[PDB]
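Colleague: Right, I'll just put the structure down here and ask away after.
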Amino acid sequence: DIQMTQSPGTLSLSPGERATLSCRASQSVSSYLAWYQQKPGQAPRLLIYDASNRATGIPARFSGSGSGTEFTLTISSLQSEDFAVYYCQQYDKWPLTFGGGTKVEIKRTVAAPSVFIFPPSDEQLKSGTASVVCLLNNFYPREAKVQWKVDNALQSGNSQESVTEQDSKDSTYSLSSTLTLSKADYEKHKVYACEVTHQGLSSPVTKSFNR
Amino acid sequence: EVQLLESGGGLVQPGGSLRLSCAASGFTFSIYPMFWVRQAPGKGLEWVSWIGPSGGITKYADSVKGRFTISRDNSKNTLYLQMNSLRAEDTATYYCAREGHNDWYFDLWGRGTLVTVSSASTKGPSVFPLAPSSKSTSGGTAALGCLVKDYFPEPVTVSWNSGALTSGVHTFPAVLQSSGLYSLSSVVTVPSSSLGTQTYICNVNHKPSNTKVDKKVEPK
């Protein structure tokens with residue numbers, strides 16, 4: 001089964017610049033090569049079929065080329081909209097086979113997180129346990145440490161973080177940690193800190209509250 | 001304005017069976033070879049099966065051969081996937097797509113529908129309020145949201161003020177509680193001043209358990 005293989009795998013480019021992605025065939029595929037774009041979470045969009053041939057109503061910056069076993073899709077002016085995975089797909093012999101995707105991320109300028117903190121809510125407490133939410137909003141780039149503390153105690157019990165998809169507008173990400181402890185324990189402690197390290201910050205940042 | 005519209009997803013017992021439709025509005029369905037394509041999470045695209053315009057010719061991936069049947073109703077304008085004997089690895093988003101003339105790339109795609117193959121049961125979400133607070137506020141802008149624990153399966157939907165408020169919003173990816181349930185936050189940054197005048201309602205909608213719920217978020 002002609003097994004397809006997409007070259008870079010990830011790609012971070014600043015908007016404005018040219019983007020170049022590869023699709024290598026395990027044996028010759030000739031001209032028969034589709035290219036798809038998948039923004040999240042929606043339906044893959046055909047961009048290019050036959051390697052050379054741009055689908056209707058697709059913007060001109062997208063083009064594809066190559067032939068035989070080496071193929072390249074090209075975004076002449078990367079642009080903030082274009083953050084997605086790009087799949088190439090094979091169709092020379094049966095069965096139909098796809099690439100792995102190259103995720104394309106839009107490198108923008110340093111943006112520091114505005115950090116907020118949300119205590120538990122009473123109602124939640126009524127039913128057994130307590131979540132303390134820590135929001136990090138609108139930063140770039142994506143790496144961010146977040147530790148929790150409880151009366152200055154370093155926790156390793158127990159948060160779960162989650163980050164959003166790059167904004168198509170301003171290319172920034174948001175994150176949210178959730179310290180989760182039983183109501184029993186929440187009452188055992190006086191101060192609730194979350195501390196954030198991020199490249200766009202000169203030094204780290206705490207957000208706390210008491211009770 | 002050509003679109004395929006899938007529906008028929010959700011939770012299935014292992015060993016069971018389930019079917020989905022890719023109803024298609026914009027074009028002359030009846031002449032188009034159609035096909036079904038799934039994608040397990042943390043993996044990519046895999047064809048599942050293909051059907052002739054004829055309706056009379058089908059082909060099948062070797063994972064699903066003899067177990068799944070692709071099929072169409074031209075007069076009803078609809079594509080079906082009757083899946084039998086499901087396994088936890090069948091968990092995936094299923095898209096159906098239509099075949100482009102000359103032929104074998106996929107012209108047009110539906111949005112996807114997630115089938116979660118687990119013998120765990122549906123549990124409706126609990127919606128709690130992330131109140132806007134002196135400690136949730138920054139300048140002329142203020143952060144609020146709804147926290148959504150604990151639910152199973154993986155798809156929930158949150159909109160603000162019934163879709164009236166759509167930006168400032170970020171509604172985060174769920175995380176799989178050590179429980180084996182899920183939890184997510186949704187969050188909108190709104191104009192400081194409005195905290196008093198305007199009123200914010202998040203509308204959570206989880207279909208697997210018909211659990212629908214609003215939550216008036218209010219400051220303090």
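Residues are named by chain letter and number: chains run A, B, ... in the order of the structure tokens, numbers start at 1 in each chain, and ligands are numbered from 1 in the order shown.
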Go through chain B and flag each residue having an atom no more than 9 Å from chain A; for those, report the closest pair of atoms plus their distance in Å to one decimal, using only C-alpha atoms, ordered by chain and rising number, as a tab-separated table.

Modeller:
```
residue	atom	partner	partner_atom	distance
B:43	CA	A:100	CA	8.1
B:44	CA	A:100	CA	6.2
B:45	CA	A:98	CA	6.3
B:46	CA	A:97	CA	7.0
B:47	CA	A:96	CA	6.8
B:61	CA	A:95	CA	8.0
B:95	CA	A:43	CA	7.7
B:103	CA	A:91	CA	8.9
B:104	CA	A:91	CA	6.1
B:105	CA	A:34	CA	6.0
B:106	CA	A:46	CA	6.9
B:107	CA	A:46	CA	6.3
B:108	CA	A:45	CA	6.9
B:109	CA	A:43	CA	5.6
B:110	CA	A:43	CA	5.7
B:111	CA	A:43	CA	4.5
B:112	CA	A:43	CA	6.6
B:126	CA	A:124	CA	8.9
B:127	CA	A:124	CA	8.9
B:128	CA	A:124	CA	6.5
B:129	CA	A:121	CA	6.8
B:130	CA	A:118	CA	6.0
B:131	CA	A:118	CA	7.2
B:132	CA	A:118	CA	8.0
B:133	CA	A:118	CA	7.8
B:135	CA	A:117	CA	6.2
B:136	CA	A:116	CA	4.9
B:137	CA	A:116	CA	7.3
B:138	CA	A:114	CA	7.9
B:143	CA	A:116	CA	7.6
B:144	CA	A:118	CA	8.7
B:147	CA	A:133	CA	8.6
B:170	CA	A:164	CA	7.2
B:171	CA	A:164	CA	7.5
B:172	CA	A:164	CA	5.5
B:173	CA	A:162	CA	6.0
B:174	CA	A:162	CA	7.3
B:175	CA	A:160	CA	6.9
B:176	CA	A:160	CA	8.7
B:177	CA	A:160	CA	8.2
B:184	CA	A:162	CA	8.5
B:185	CA	A:176	CA	7.9
B:187	CA	A:135	CA	8.9
```

Colleague: Based on the backbone DSSP call, show me all residues of range 31-90 of chain B assigned strand (DSSP E or B), as JSON, numbers by chain.

Modeller: {"B": [34, 35, 36, 37, 38, 39, 45, 46, 47, 48, 49, 50, 51, 58, 59, 60, 68, 69, 70, 71, 72, 73, 78, 79, 80, 81, 82, 83]}

Colleague: Let's have the selection written as a short mmCIF file (atom, residue, chain, number, x, y, z; two decimals), in the first residue's frame, with C-alpha atoms.

Modeller:
```
data_model
loop_
_atom_site.label_atom_id
_atom_site.label_comp_id
_atom_site.auth_asym_id
_atom_site.auth_seq_id
_atom_site.Cartn_x
_atom_site.Cartn_y
_atom_site.Cartn_z
CA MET B 34 -19.19 8.57 -1.96
CA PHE B 35 -16.96 7.21 0.62
CA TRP B 36 -16.38 7.05 4.45
CA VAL B 37 -13.26 8.04 6.31
CA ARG B 38 -12.36 7.80 9.87
CA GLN B 39 -9.53 9.03 12.05
CA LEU B 45 -6.74 9.52 8.09
CA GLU B 46 -7.80 6.05 7.01
CA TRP B 47 -10.28 5.21 4.35
CA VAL B 48 -13.09 2.92 5.60
CA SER B 49 -15.09 2.08 2.48
CA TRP B 50 -16.34 3.42 -0.84
CA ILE B 51 -19.56 2.96 -2.71
CA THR B 58 -18.80 -1.31 -2.60
CA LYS B 59 -15.21 -1.67 -1.39
CA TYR B 60 -13.89 -2.09 2.18
CA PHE B 68 -19.35 -2.75 8.12
CA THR B 69 -21.69 -1.96 5.21
CA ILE B 70 -21.65 1.25 3.28
CA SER B 71 -24.95 2.03 1.53
CA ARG B 72 -27.03 4.80 -0.05
CA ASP B 73 -30.53 5.96 -0.62
CA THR B 78 -28.45 9.81 2.04
CA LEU B 79 -25.31 7.80 2.77
CA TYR B 80 -25.21 5.20 5.62
CA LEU B 81 -22.61 3.24 7.64
CA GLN B 82 -23.97 0.27 9.44
CA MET B 83 -21.11 -0.78 11.65
#
```

Colleague: To test your reading of the structure, identify every residue in range 83-211 of chain B that backbone DSSP assigns to helix (DSSP H, G or I), and report it as a list in words.

Modeller: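 Restricting range 83-211 of chain B to helix (DSSP H, G or I) produces residues 88, 89, 90, 134, 135, 136, 161, 162, 163, 192, 193, 194 and 195 of chain B.
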
Colleague: Set the distance at 7 Å and use only C-alpha atoms: which residues neighbour residue 115 in chain B once local chain neighbours fewer than 2 positions away are removed? I'd like the list as a list in words.

Modeller: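 So the residues in contact are residues 9, 10, 11, 91, 92, 93, 113 and 117 of chain B.
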
Colleague: Quote the spacing between CA of residue 114 in chain B and CA of residue 40 in chain A in Å to one decimal place.

Modeller: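 For CA of residue 114 in chain B relative to CA of residue 40 in chain A, the distance reads 14.0 Å.
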
Colleague: Which residues are near residue 12 in chain B? Cut-off 12 Å, only C-alpha atoms, ignore same chain within fewer than 2 positions. Put them as a ChimeraX atom specification.

Modeller: /B:8-10,14-19,83-92,114-122,152-153,208

Colleague: Can you tell me which residues surround range 142-157 of chain A at a distance of at most 6 Å, considering only C-alpha atoms, apart from same-chain residues fewer than 2 positions away, and format the answer as a ChimeraX atom specification?

Modeller: /A:140,191-198

Colleague: Could you give me, as a list in words, the residues within 8 Å of range 58-67 of chain A, counting only C-alpha atoms and dropping anything in the same chain fewer than 5 positions from it?

Modeller: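 The neighbour list is residues 29, 30, 31, 35, 47, 48, 51, 52, 53, 72, 73, 74, 75, 76 and 77 of chain A.
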
Colleague: What is the CA of residue 182 in chain A-CA of residue 220 in chain B distance in Å, reported with one decimal?

Modeller: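 Distance between the two atoms: 22.5 Å.
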
Colleague: Compare B:52, B:41, B:196, B:155 by their minimum atom-to-atom distance to residue 98 in chain B, counting only C-alpha atoms, and give me the closest one.

Modeller: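 Looking only at the distances to residue 98 in chain B, the closest residue turns out to be B:52.
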